[PDB]
Amino acid sequence: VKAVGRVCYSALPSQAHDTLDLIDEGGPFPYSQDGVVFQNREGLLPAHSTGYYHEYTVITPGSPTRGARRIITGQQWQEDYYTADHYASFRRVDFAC
């Protein structure tokens with residue numbers, strides 16, 4: 001009961017580009033929670049079995065904490081979602097734009 005919009009890769013902040021690069025490489029990640037399973041408890045992303053989704057920090061420039069920006073990856077190649085509000089809303093990353 002909220003759809004998922006789309007955001008163009010080109011329109012993401014440079015730190016999100018950094019995160020995506022790190023996920024492609026397998027690390028290194030700055031925070032201990034980077035790579036843990038995202039449970040999708042609120043049902044905002046499509047329902048899958050547990051383990052389908054993993055979460056990664058997107059650094060917020062000038063923040064002393066992990067902040068609220070994240071990439072969630074799904075099991076399918078290039079299936080990535082960006083949130084800037086600690087999972088209150090998501091947009092699917094569109095690599096073709």
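All values below were derived from every heavy atom in this structure, side-chain atoms included, with hydrogens, water molecules and symmetry-related copies excluded. In this chain, residues are counted from 1 in sequence order.
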Original post:
Side chains of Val37 and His54: closer than 4.5 Å at any heavy-atom pair?
Top reply: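 SC-SC contact between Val37 and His54 confirmed.
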Original post:
Taking C-beta and beyond as the side chain, do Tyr82 and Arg69 meet within less than 4.5 Å on heavy atoms?
Top reply: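 With C-beta onward as the side chain, the pair touches.
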Quick check on the hydrophobic clustering: are [X] and [Y] connected, directly or via other members, by side-chain heavy-atom contacts under 4.5 Å?
X     : Y     : value
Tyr52 : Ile72 : yes
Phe90 : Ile71 : no
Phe95 : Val7  : yes
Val58 : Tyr81 : no

Subject >> Any donor-acceptor pair under 3.5 Å from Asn40 side chain to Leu45 backbone >> reply: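 Checking the backbone N and O of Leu45 against the side chain of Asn40, a donor-acceptor pair under 3.5 Å is found.
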Original post:
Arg91 and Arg6: which non-hydrogen atoms are nearest, and at how many Å?
Top reply: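 That would be CD-O, 3.8 Å.
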Original post:
Using 30° and 60° as the class limits, which term best fits the ring planes of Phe29 and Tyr56: parallel, tilted or perpendicular?
Top reply: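 Judged by the thresholds at 30° and 60°, the geometry between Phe29 and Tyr56 is tilted.
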Would you give me the side-chain donor-acceptor pairs under 3.5 Å for residues 8-25, sequence neighbours excluded?
{"residue": "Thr19", "atom": "OG1", "partner": "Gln15", "partner atom": "O", "Å": "3.1"}
{"residue": "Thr19", "atom": "OG1", "partner": "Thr57", "partner atom": "O", "Å": "2.9"}

**OP:** Please test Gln39 against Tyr87 for side chain to side chain donor-acceptor pair (under 3.5 Å), starting from the C-alpha separation and ending with a verdict.
**Re:** CA-CA 11 Å; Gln39 284 192 299; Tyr87 319 123; over 6 Å; no
Subject >> salt bridge (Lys or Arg N to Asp or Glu O under 4.0 Å) contacts in which one or both residues fall within residues 53-67, not counting sequence neighbours >> reply: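 Of all non-adjacent pairs touching residues 53-67, those that pass salt bridge (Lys or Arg N to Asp or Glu O under 4.0 Å) are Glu55-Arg66.
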